[PDB]
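Going down the list, the sequences are from chains VV, DD, AA, AE and NN.
Residue numbers for the first sequence, in the authors' numbering: 2 to 142.
Residue numbers for the second sequence, in the authors' numbering: 2 to 186.
Residue numbers for the third sequence, in the authors' numbering: 78 to 132.
Residue numbers for the fourth sequence, in the authors' numbering: 2 to 35, 54 to 95.
Residue numbers for the fifth sequence, in the authors' numbering: 4 to 127.
Cβ coordinates follow ideal geometry from the N, Cα and C atoms, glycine included.
Encoded as structure tokens, the structure appears first; notes follow it.
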Amino acid sequence: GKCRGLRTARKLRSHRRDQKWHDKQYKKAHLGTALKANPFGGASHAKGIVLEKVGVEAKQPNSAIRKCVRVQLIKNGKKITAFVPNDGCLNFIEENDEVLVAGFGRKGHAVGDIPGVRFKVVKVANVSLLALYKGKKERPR
Amino acid sequence: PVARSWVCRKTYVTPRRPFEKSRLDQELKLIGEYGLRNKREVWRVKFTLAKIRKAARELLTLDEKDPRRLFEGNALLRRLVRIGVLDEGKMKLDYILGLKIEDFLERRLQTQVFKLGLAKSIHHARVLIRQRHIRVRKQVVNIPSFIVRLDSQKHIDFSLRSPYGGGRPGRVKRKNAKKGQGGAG
Amino acid sequence: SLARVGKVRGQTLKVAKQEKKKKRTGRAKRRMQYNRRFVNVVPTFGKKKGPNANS
Amino acid sequence: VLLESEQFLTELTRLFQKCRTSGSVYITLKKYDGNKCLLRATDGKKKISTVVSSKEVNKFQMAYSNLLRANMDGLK
Amino acid sequence: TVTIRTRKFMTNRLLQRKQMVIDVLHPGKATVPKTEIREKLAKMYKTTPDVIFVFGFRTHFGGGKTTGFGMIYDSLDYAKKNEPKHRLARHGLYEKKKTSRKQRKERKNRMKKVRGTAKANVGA
RNA sequence: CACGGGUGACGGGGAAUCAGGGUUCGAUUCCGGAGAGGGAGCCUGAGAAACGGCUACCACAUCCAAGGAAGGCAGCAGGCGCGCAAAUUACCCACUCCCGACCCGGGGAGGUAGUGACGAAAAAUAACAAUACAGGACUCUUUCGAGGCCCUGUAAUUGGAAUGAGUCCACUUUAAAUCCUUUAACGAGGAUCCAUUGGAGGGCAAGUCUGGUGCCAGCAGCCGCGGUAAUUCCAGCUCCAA
Ligand SMILES: [Mg+2]
Ligand SMILES: [Mg+2]
Ligand SMILES: [Mg+2]
Ligand SMILES: [Mg+2]
Ligand SMILES: [Mg+2]
Ligand SMILES: [Mg+2]
Ligand SMILES: [Mg+2]
Ligand SMILES: [Mg+2]
Ligand SMILES: [Mg+2]
Ligand SMILES: [Mg+2]
Ligand SMILES: [Mg+2]
Ligand SMILES: [Mg+2]
Ligand SMILES: [Mg+2]
Ligand SMILES: [Mg+2]
Ligand SMILES: [Mg+2]
Ligand SMILES: [Mg+2]
Ligand SMILES: [Mg+2]
Numbered sequence: 002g003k004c005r006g007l008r009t010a011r012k013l014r015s016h017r018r019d020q021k022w023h024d025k026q027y028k029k030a031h032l033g034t035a036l037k038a039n040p041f042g043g044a045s046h047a048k049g050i051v052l053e054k055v056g057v058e059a060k061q062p063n064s065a066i067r068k069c070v071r072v073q074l075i076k077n078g079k080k081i082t083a084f085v086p087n088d089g090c091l092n093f094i095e096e097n098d099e100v101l102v103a104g105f106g107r108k109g110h111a112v113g114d115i116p117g118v119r120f121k122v123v124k125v126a127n128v129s130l131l132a133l134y135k136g137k138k139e140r141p142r
Numbered sequence: 002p003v004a005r006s007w008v009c010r011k012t013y014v015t016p017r018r019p020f021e022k023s024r025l026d027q028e029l030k031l032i033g034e035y036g037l038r039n040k041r042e043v044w045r046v047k048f049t050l051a052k053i054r055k056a057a058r059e060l061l062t063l064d065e066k067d068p069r070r071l072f073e074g075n076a077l078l079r080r081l082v083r084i085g086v087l088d089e090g091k092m093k094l095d096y097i098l099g100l101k102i103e104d105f106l107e108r109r110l111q112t113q114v115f116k117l118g119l120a121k122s123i124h125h126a127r128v129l130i131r132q133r134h135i136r137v138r139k140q141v142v143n144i145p146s147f148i149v150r151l152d153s154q155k156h157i158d159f160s161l162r163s164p165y166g167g168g169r170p171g172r173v174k175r176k177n178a179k180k181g182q183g184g185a186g
Numbered sequence: 078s079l080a081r082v083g084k085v086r087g088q089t090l091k092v093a094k095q096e097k098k099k100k101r102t103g104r105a106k107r108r109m110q111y112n113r114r115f116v117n118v119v120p121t122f123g124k125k126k127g128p129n130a131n132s
Numbered sequence: 002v003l004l005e006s007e008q009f010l011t012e013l014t015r016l017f018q019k020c021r022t023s024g025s026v027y028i029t030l031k032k033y034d035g054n055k056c057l058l059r060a061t062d063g064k065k066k067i068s069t070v071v072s073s074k075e076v077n078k079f080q081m082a083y084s085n086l087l088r089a090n091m092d093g094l095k
Numbered sequence: 004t005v006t007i008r009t010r011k012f013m014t015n016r017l018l019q020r021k022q023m024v025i026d027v028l029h030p031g032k033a034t035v036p037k038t039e040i041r042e043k044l045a046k047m048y049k050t051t052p053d054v055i056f057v058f059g060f061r062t063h064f065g066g067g068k069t070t071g072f073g074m075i076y077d078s079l080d081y082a083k084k085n086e087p088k089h090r091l092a093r094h095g096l097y098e099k100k101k102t103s104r105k106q107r108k109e110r111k112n113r114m115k116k117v118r119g120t121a122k123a124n125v126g127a
């Protein structure tokens, strides 16, 4: 506090109400532009249609070819370069399948070696990719 | 609009740091000393101790000769005396803050059976509690977390429906007796 | 290229899992943990070795 | 061919769409124990079959009723 | 070895009955039946067991105590005057009808449709 | 800070996180407001602009003989669609009360059951004894070794002793049932009646173990690991967190 009067409540409240909008988390949480730019639209999970599989080259020093899927959503129709998490699980995902798409834990931000990928795949055609990796369940054919 | 309670509360609160070595050391010593089942058994007694110490601090923040302070202090001292952790001569609201998790775990019915000595080990006493061989005031106690009152301390003994007491023998004894009589003729 | 998917997972040697006696669980597991931590060992000089320490 | 309850309805719709020109549609419903009912369909060439359990009759009968009302038309 | 004690004894002249909470001690056996409860209350209170109605047993843990409520009427006419028909049918002096509730609702909605004397002719 | 706009805003008692201060939520069982697809109007009636009341228009839709008639589940169940996202087309007015001409009838209000790992509370998956062993307070012995009044643990070594989970007659429960508790008879030595979920470079408890891969696969929330001796991948063993 800078103005320490006995009746400066409206001054302190208006100054703090003006200065809250300069915070990065407050402005992102309270403006609808980030919610419009978010493909999930304030959602934890999202189903979508596989259309192609893309080998994305990696960033600086770590150099590899990560595996991504061009997921077209149902609730919006937007396109997401979703990430196939585990080893050898690109072969389970075929063309024109419904996959469940979640975040990656940085709240809509690219993570590590992969440029321009925010989201990943959890389930594949109502069968979980974790169980497809472990070998418990089988893909329904 | 249905007729039910919807009233519940978590009896335990997890610590802020998950992998403190000294904290795991102290909790592991507590479990290995008093025969516990998990860390939740430590944490729920820690949270009841947190309740009692928070009530004690809320009383010490009050002024002396306040009627609410005197009534709540006398009631809390009566509760500590009847659970038998704090002594009947020691009872004052300033001595509540100097009380410990070990003295709270001493009043476990598992630990009290181990101290009276009718069971061999602490976990064997827990086996007896699970298998319903002991009773308290003509009432079978199946759960080892029974806080035994000081007035109800001396009534701990074996139950009536118990082969270790005055009752019918168990399934293994009946099966061995039947097998022996079948082998004899 | 996407032709090398599952390469190492395919070409590693499949080792079968060894059959093992079932572990005690719950209060008995924590009791056996307490017994292997405290009451067995003695205070020794130097740096104490870890539980999974091997040479 | 023993199928799922939804796959049975899709193949049953395909049976009528194939029999829009010529061919019979046979629907056999019977009790099944090994509460369940066996429902089978036959065009004369390709047979399909399903078993409807108690857990899905409310989901099944309404869409099956709309399927029959949309697919059967006789003389005025 | 079965022992029955009574607590909270009350005389309802406005209901023409006695009432008490029944405490049954039965070591070495299961919960004793209501017929044996009525017989032991009858030989206790020197009355006929036809008027004694006992219900609502709850067995405590351990297995040596139950708690149940029971009333002792003056006569069977007073029992049928103020006693519920379901607890009468527990023993068998009253028998309720077997007309199912959804079919009664369907019969009522069918009688609602037809106006006139034929409301009786709709049913069967 | 009027006016205007937005609200992914019904308001409150309250919920979570919490030192002291605050922040976020509140559709959600209680009180009040609004509504029955969108508005508008009205009869009856003390009380309605009522929609399980009508009267007209728009959107959606049923039968038809082509003149015509009839509809409103943001009620109980349940269905299509929408989805990351949500239960039985059950039984009963017996508990609670409500209404009627009323002690007697009705109540998808309500109660009880079916699904249910939203969540909260308690809490099985072993314990004891005997052998060998590995050790700690005593006595003895320069050490090595020895006696057990006191012990503690381990080893698919052996032994009986005790119980549920299940099975299931019988009460009890209840409107009739179900579950709990009680209770006979069965029911456990790999007590196979086998507890998993994540990790082992650091934050952060826990292998510089072994084999393969060789900046490829992949791991990694951050730093980083992998370019032919990987404490970081993939498998075995071991251990650690609950
Ligand atoms: Mg709005
Ligand atoms: Mg509200
Ligand atoms: Mg809304
Ligand atoms: Mg209204
Ligand atoms: Mg209206
Ligand atoms: Mg209404
Ligand atoms: Mg309606
Ligand atoms: Mg859900
Ligand atoms: Mg009623
Ligand atoms: Mg009535
Ligand atoms: Mg209701
Ligand atoms: Mg098990
Ligand atoms: Mg590893
Ligand atoms: Mg770490
Ligand atoms: Mg560490
Ligand atoms: Mg970097
Ligand atoms: Mg790591």
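Residue 184 (chain DD) versus residue 177 (chain DD) - alpha carbon distance: On the second sequence, residue 184 (chain DD) is found 183 positions in, with the first residue counted as 1. On the second sequence, residue 177 (chain DD) is found 176 positions in, with the first residue counted as 1. Approximately 10 Å between the Cα atoms of the pair.
From this set, VV:47, VV:53, VV:66, which residue's C-alpha is nearest residue 74 (chain VV)'s C-alpha? Residue numbering aside, residue 74 (chain VV) sits at position 73 when the first sequence is read from its first letter. Sorting VV:47, VV:53, VV:66 by C-alpha distance to the C-alpha of residue 74 (chain VV) places VV:47 at the top.
Output needed in chain order: residues of the stretch 58-84 of chain VV with a Cβ under 9 Å from some Cβ in chain AA. Correct list: 66, 68.
Is the CB of residue 81 (chain AA) under 8 Å away from at least one CB in chain DD? As a first step, residue 81 (chain AA) is located in the third sequence; it is residue number 4 there, counting from the start. Answer no: the Cβ-Cβ gap between residue 81 (chain AA) and chain DD never drops below 8 Å.
Indicate whether at least one CB of chain AA lies closer than 8 Å to the CB of residue 91 (chain VV). Position 90 of the first sequence, counted from the first residue, corresponds to residue 91 (chain VV). Using a Cβ-Cβ cut-off of 8 Å, residue 91 (chain VV) counts as an interface residue toward chain AA, since at least one Cβ of chain AA sits closer than that to its own.
Determine the burial state of residue 89 (chain AE): buried for a count of at least 16 other Cβ atoms within 10 Å of its Cβ, exposed for fewer. Here residue 89 (chain AE) refers to the residue found at position 70 when the fourth sequence is read from its first residue. Its Cβ having fewer than 16 others within 10 Å, residue 89 (chain AE) is exposed.
Among residues of its own chain, excluding the 5 on either side of residue 99 (chain NN), which ones have a beta-carbon nearer than 8 Å to its beta-carbon? Here residue 99 (chain NN) corresponds to residue number 96 of the fifth sequence, with the count starting at 1. Excluding positions up to five away in sequence, the list reads 88, 89, 92.
Taking Cβ-Cβ distances shorter than 8 Å, what residues in chain AA pair up with residue 38 (chain DD)? Taking the first residue of the second sequence as position 1, residue 38 (chain DD) is located at position 37. Under a criterion of Cβ atoms nearer than 8 Å, the residues of chain AA adjacent to residue 38 (chain DD) are, in order, 103, 104, 107.
The beta strand (DSSP E) enclosing residue 102 (chain DD), as first and last residue numbers: To locate residue 102 (chain DD), count along the second sequence from 1; it is residue 101. Residue 102 (chain DD) -> not in any beta strand (DSSP E); alpha helix (DSSP H) instead, spanning 102-106.
Checking 8 Å against the spacing of the C-beta atoms, do residue 28 (chain NN) and residue 67 (chain NN) come in under that value? Numbered from 1 along the fifth sequence, position 25 holds the residue referred to as residue 28 (chain NN). Numbered from 1 along the fifth sequence, position 64 holds the residue referred to as residue 67 (chain NN). Taking 8 Å as the Cβ cut-off, residue 28 (chain NN) and residue 67 (chain NN) qualify as a contacting pair.
Please tell me whether residue 157 (chain DD) and residue 129 (chain DD) are closer than 8 Å, where the distance is taken between their beta carbons. Counted from its first residue, the second sequence places residue 157 (chain DD) at position 156. Counted from its first residue, the second sequence places residue 129 (chain DD) at position 128. In this structure, residue 157 (chain DD) keeps its C-beta atom at 8 Å or more from the C-beta atom of residue 129 (chain DD).
With three or more beta-carbon pairs closer than 8 Å as the criterion, would you say the stretch 20-33 of chain DD touches the stretch 88-100 of chain DD? In short, these stretches do not touch, since the Cβ pair count stays below three.
What's the gap between the Cα of residue 194 (chain DD) and the Cα of residue 40 (chain DD)? This structure does not reach residue 194 (chain DD), given that chain DD is present from 2 up to 186, and the question cannot be answered.
Contact list for residue 114 (chain AA) against chain DD, beta-carbon separation under 7 Å: Reading the third sequence from its first residue, position 37 is the one you call residue 114 (chain AA). By Cβ distance, chain DD contributes 29.
With 8 Å as the threshold, decide whether the Cβ of residue 135 (chain VV) is near any Cβ in chain AA. Indexing the first sequence from 1 puts residue 135 (chain VV) at position 134. Interface criterion not met: the Cβ of residue 135 (chain VV) is under 8 Å from no Cβ in chain AA.
Note down, in chain order, all residues in the stretch 46-70 of chain NN with a beta-carbon under 9 Å from any beta-carbon belonging to chain DD. Among the residues of the stretch 46-70 of chain NN, those with a Cβ less than 9 Å away from any Cβ of chain DD are 63, 64, 65, 66, 67, 68, in the order of the chain.
Taking buried to mean at least 16 other C-beta atoms within 10 Å of its own C-beta, is residue 74 (chain NN) buried or exposed? Translated into the one-based positions of the fifth sequence, residue 74 (chain NN) becomes position 71. By the neighbour-count criterion, in which a residue is buried when 16 or more other Cβ atoms sit within 10 angstroms of its Cβ, residue 74 (chain NN) is buried.
What are the partner residues of residue 22 (chain NN), as DSSP defines its beta bridges? Position 19 of the fifth sequence, counting from 1, holds the residue named residue 22 (chain NN). Beta-bridge partners assigned by DSSP to residue 22 (chain NN): NN:13, NN:74.
I want to know whether the stretch 84-93 of chain VV touches the stretch 38-52 of chain VV - three or more CB-CB distances under 8 Å. With the cut-off at 8 Å, the stretch 84-93 of chain VV and the stretch 38-52 of chain VV do not touch.
Contact set between the stretch 27-43 of chain NN and chain DD, restricted to residues whose Cβ is under 9 Å from the partner: Cβ contacts with chain DD: 30, 31.
Along the chain, where does the alpha helix (DSSP H) that runs through residue 29 (chain NN) open and close? Indexing the fifth sequence from 1 puts residue 29 (chain NN) at position 26. In the DSSP assignment, residue 29 (chain NN) falls outside any alpha helix (DSSP H), carrying neither H nor E.
Closer than 8 Å, CB to CB, is residue 132 (chain AA) near chain VV or not? The sequence position of residue 132 (chain AA) within the third sequence is 55, counting from 1. It does not: the Cβ of residue 132 (chain AA) has no partner Cβ on chain VV nearer than 8 Å.
Could you work out which residues of chain AA lie near residue 97 (chain DD), taking near to mean beta carbons separated by less than 8 Å? Sequence index remark: in the second sequence, residue 97 (chain DD) carries index 96 (1-based). Close to residue 97 (chain DD), with beta-carbon spacing below 8 Å, lies no residue of chain AA; the smallest spacing is near 30 Å.
Tell me which same chain residues have a C-beta within less than 8 Å of the C-beta of residue 114 (chain DD), skipping the five on either side of it? Taking the second sequence and counting its residues from 1, one reaches residue 114 (chain DD) at position 113. Excluding its 5 nearest sequence neighbours in each direction, residue 114 (chain DD) has C-beta neighbours in its own chain below 8 Å: 120, 126, 129, 130, 135, 157, listed in chain order.
First and last residue of the uninterrupted alpha helix (DSSP H) at residue 1 (chain DD): No information on residue 1 (chain DD) is available, as it lies outside the stretch 2 to 186 that chain DD covers here.
Decide if residue 82 (chain NN) is buried, meaning its Cβ has at least 16 other Cβ atoms within 10 Å, or exposed. Taking the first residue of the fifth sequence as 1, we reach residue 82 (chain NN) at position 79. The C-beta of residue 82 (chain NN) has 16 or more other C-beta atoms within 10 Å across all chains shown, which makes the residue buried.
Identify the contact partners of residue 54 (chain VV) in chain AA, using a Cβ-Cβ distance below 8 Å as the criterion. To locate residue 54 (chain VV), count along the first sequence from 1; it is residue 53. Close partners of residue 54 (chain VV) in chain AA (Cβ separation under 8 Å): 79.
What does the alpha-carbon distance come out to for the pair residue 67 (chain VV) and residue 58 (chain VV)? Walking along the first sequence from the start, residue 67 (chain VV) turns up at place 66. Walking along the first sequence from the start, residue 58 (chain VV) turns up at place 57. Computed Cα separation, rounded: 6 Å.
To the nearest angstrom, report how far apart residue 26 (chain VV) and residue 83 (chain AA) are at their CA atoms. Residue 26 (chain VV) sits at position 25 when you count from the first residue of the first sequence. Residue 83 (chain AA) sits at position 6 when you count from the first residue of the third sequence. Roughly 40 Å separates the two Cα atoms.
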